[PDB]
Amino acid sequence: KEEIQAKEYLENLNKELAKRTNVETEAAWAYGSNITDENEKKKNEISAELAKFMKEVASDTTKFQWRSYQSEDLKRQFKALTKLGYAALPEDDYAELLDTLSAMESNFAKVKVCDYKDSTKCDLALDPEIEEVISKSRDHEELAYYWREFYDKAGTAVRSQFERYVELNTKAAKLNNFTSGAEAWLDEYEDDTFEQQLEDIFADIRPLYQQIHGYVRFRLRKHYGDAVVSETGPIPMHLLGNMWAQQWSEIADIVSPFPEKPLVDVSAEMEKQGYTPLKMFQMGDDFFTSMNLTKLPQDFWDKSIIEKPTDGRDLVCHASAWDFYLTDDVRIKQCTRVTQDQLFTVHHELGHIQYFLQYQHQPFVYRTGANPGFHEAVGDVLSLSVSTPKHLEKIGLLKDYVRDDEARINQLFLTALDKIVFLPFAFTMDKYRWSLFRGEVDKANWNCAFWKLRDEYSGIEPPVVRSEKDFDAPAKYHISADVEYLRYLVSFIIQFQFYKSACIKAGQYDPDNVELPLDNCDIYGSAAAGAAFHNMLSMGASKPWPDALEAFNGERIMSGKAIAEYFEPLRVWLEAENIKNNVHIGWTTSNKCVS
Ligand SMILES: *[C@@H]1O[C@H](CO)[C@@H](O[C@@H]2O[C@H](CO)[C@@H](O[C@@H]3O[C@H](CO[C@H]4O[C@H](CO)[C@@H](O)[C@H](O)[C@@H]4O)[C@@H](O)[C@H](O[C@H]4O[C@H](CO[C@@H]5O[C@H](CO)[C@@H](O)[C@H](O)[C@@H]5O)[C@@H](O)[C@H](O)[C@@H]4O)[C@@H]3O)[C@H](O)[C@H]2NC(C)=O)[C@H](O)[C@H]1NC(C)=O
Ligand SMILES: NCCCC[C@H](N[C@@H](CCc1ccccc1)C(=O)O)C(=O)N1CCC[C@H]1C(=O)O
Ligand SMILES: *[C@@H]1O[C@H](CO)[C@@H](O)[C@H](O)[C@H]1NC(C)=O
Ligand SMILES: *[C@@H]1O[C@H](CO)[C@@H](O)[C@H](O)[C@H]1NC(C)=O
Ligand SMILES: [Zn+2]
């Protein structure tokens with residue numbers, strides 16, 4: 001009979017937590033939109049106040065015999081409340097951690113480098129100045145300059161802060177009785193075999209990655225020459241069109257299977273048609289509403305930041321989506337540019353927004369993703385259909401396109417340069433941090449431990465020799481900003497499970513029909529695919545994630561079958577092409593990190 005009282009306790013507590021988290025989120029928004037010493041102080045002081053309340057909440061849960069309850073729902077809510085995270089730390093330790101975290105994120109956001117050609121102009125930021133060069137320049141010495149300048153300033157400058165962060169993250173995890181921060185993060189997936197599952201899936205897809213890597217290296221040798229790219233060594237990462245070599249789509253024009261056949265790049269047509277950031281977001285909104293999903297509320301349009309501010313202010317430009325835990329107060333902060341890549345980013349971020357809107361009726365503790373990978377997958381499912389020649393022709397961004405066998409391979413390869421290449425990258429981000437959290441790497445070996453993983457899994461390496469005098473991991477946003485990365489590995493796998501099922505539901509994919517291939521499916525306008533999204537997303541975290549997956553397509557298991565199915569036509573072509581051209585596969589151990 002205690003359950004009746006507990007039910008009323010939770011109902012009230014959830015609403016209180018939403019209200020208190022609203023205040024924290026507003027402060028965090030203000031700081032991210034506007035980096036100042038005063039906003040930093042405000043963000044961290046509100047966080048400390050919320051942490052103190054959570055601690056009292058965790059303490060109060062012991063007054064309830066919640067493990068004895070009949071209701072799985074009540075038990076699930078109470079269990080969520082016992083998990084404190086960083087809030088478990090002593091008052092002083094939590095304050096220090098907050099200061100360390102803001103030091104790292106603000107350092108990242110304030111990085112400025114000098115122009116390669118003009119050592120007087122020193123106001124080039126990553127977004128958009130440096131990223132523009134990395135994506136567009138084919139001058140290998142220019143690329144190497146910007147790589148070194150950025151990593152030195154975004155990575156190395158923050159080593160001592162990162163070290164204290166690891167220490168306090170570990171202390172926090174242990175106060176929650178996890179072994180380390182690795183176990184704390186993994187707890188979000190509610191499955192004690194989750195690591196092994198991902199190792200198994202990765203092993204199945206790894207051979208395809210090896211083939212893509214080999215072919216790209218072959219093509220880069222033809223472009224840059226053997227003085228710059230070896231046949232048998234790891235690929236110099238500054239040549240891959242991305243600061244972290246996480247996705248290689250930006251160099252597709254020089255590595256495309258059939259260069260005389262069409263390669264989709266709609267950036268120029270977007271500009272020609274007078275596209276704006278506003279129009280891009282309106283188009284994303286249109287896609288969701290077309291599937292009978294929820295329209296963006298007025299607060300979104302009023303309060304979002306969709307262009308980089310033109311005043312002198314510092315801010316976090318790294319695109320993000322925000323839930324304020326009231327009703328319909330959801331926002332995006334994106335330094336939007338008019339490019340194809342940015343159009344996908346718009347859809348990714350709007351996927352988060354849709355999830356927020358779908359579960360906003362749930363009790364506070366359930367107002368989050370089924371697991372962190374689910375949140376990341378939503379927007380990418382739409383991006384997959386947006387990226388198709390089918391959809392791009394509908395919106396008039398792709399003209400005079402003939403979709404023959406060769407054009408199809410180009411498009412599949414372009415997609416793989418984003419989707420397959422990313423898998424080892426994503427895995428290494430957390431394998432690295434897990435190894436630090438678990439105390440498996442001595443402090444003397446922290447930098448080369450990072451590059452060892454990037455070599456082992458991705459077969460890439462720095463453009464210049466690094467050592468333990470450098471510290472390169474925090475040069476990636478999520479590492480400086482303490483954002484778990486496994487969510488993205490999970491997302492890139494399960495988004496294909498979602499995409500395939502949504503395509504089947506939309507009547508857009510049949511494995512026995514040549515006219516309905518998975519790689520040209522467009523789910524625009526499909527209420528049937530939208531219904532599946534509604535069924536899943538409306539659950540939030542009310543049930544363990546296999547139940548959320550089951551609500552979508554009746555499946556309960558994370559599987560690499562769907563991603564492999566999507567790329568199967570590419571795998572067949574590429575294996576044969578690599579044999580035809582005697583392409584070397586695999587790589588020697590890198591010499592670019594001195595121990
Ligand atoms: C992470 O793991 C930690 C363990 O490694 C864990 O820390 C333990 O939490 C326990 C609370 O659950 C706590 O147990 C209490 O111990 C008290 C005395 O211990 C002190 O002296 C010891 C010397 O012998 C030292 O070793 C300790 O460090 C302590 O200083 C007891 O006084 C206390 O008892 C009371 O509470 C129980 C409540 O239990 C329930 O009560 C209800 C009543 O409604 C029953 O129906 C139910 O069946 C159940 O019994 C009462 O039973 C009892 O009458 C007393 O009122 C209690 O046993 C322990 O001290 C603590 N540390 C260690 C080292 O064990 C953390 O909590 C974990 N953290 C998280 C977040 O989970
Ligand atoms: N040109 C970059 C746009 C970035 C878009 C996206 N941003 C992240 C931001 C995450 C975040 C967590 C906590 C606080 C603040 C922000 C996202 O998942 O939206 C992202 O990082 N993504 C999208 C998938 C891959 C991953 C990346 O790029 O590494
Ligand atoms: C940023 O914050 C400062 C104080 O920290 C405030 O005075 C200023 O108005 C803010 N800038 C913008 C553009 O909102
Ligand atoms: C739109 O969604 C509602 C429920 O949210 C559903 O009942 C209805 O069938 C959907 N519209 C169409 C045309 O399917
Ligand atoms: Zn995301």
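Going from the start of the chain as shown, residues are counted 1 onward.
Determined via X-ray crystallography, 2.0 Å.
Any Cβ shown, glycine's included, is placed from N, Cα and C.
Going by what Swiss-Prot states, the Zn(2+) site holds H348, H352, and the candidate of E307, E376 recorded there is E376.
Distance noted between the C-alpha atoms of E376 (Zn(2+) binding site) and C503 (disulfide bond) is 19 Å.
Neighbours of the Zn(2+) site: apart from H348, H352, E376, residues of the same chain with C-beta atoms within 8 angstroms of the site's C-beta centroid are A321, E349, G351, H375, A377, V378, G379, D380, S491. In sequence order, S385, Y509, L518, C521, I523, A529 are the residues of the chain that are 6 or more apart from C503 (disulfide bond) and have a CB within less than 8 Å of its CB.
Put simply, of the recorded positions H348, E349, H352, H478, the one whose Cα is nearest the Cα of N177 (N-linked glycosylation site) is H478. Within the set of recorded positions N34, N292, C335, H348, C521, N292 have a CB atom less than 6 Å from some atom of ligand 4.
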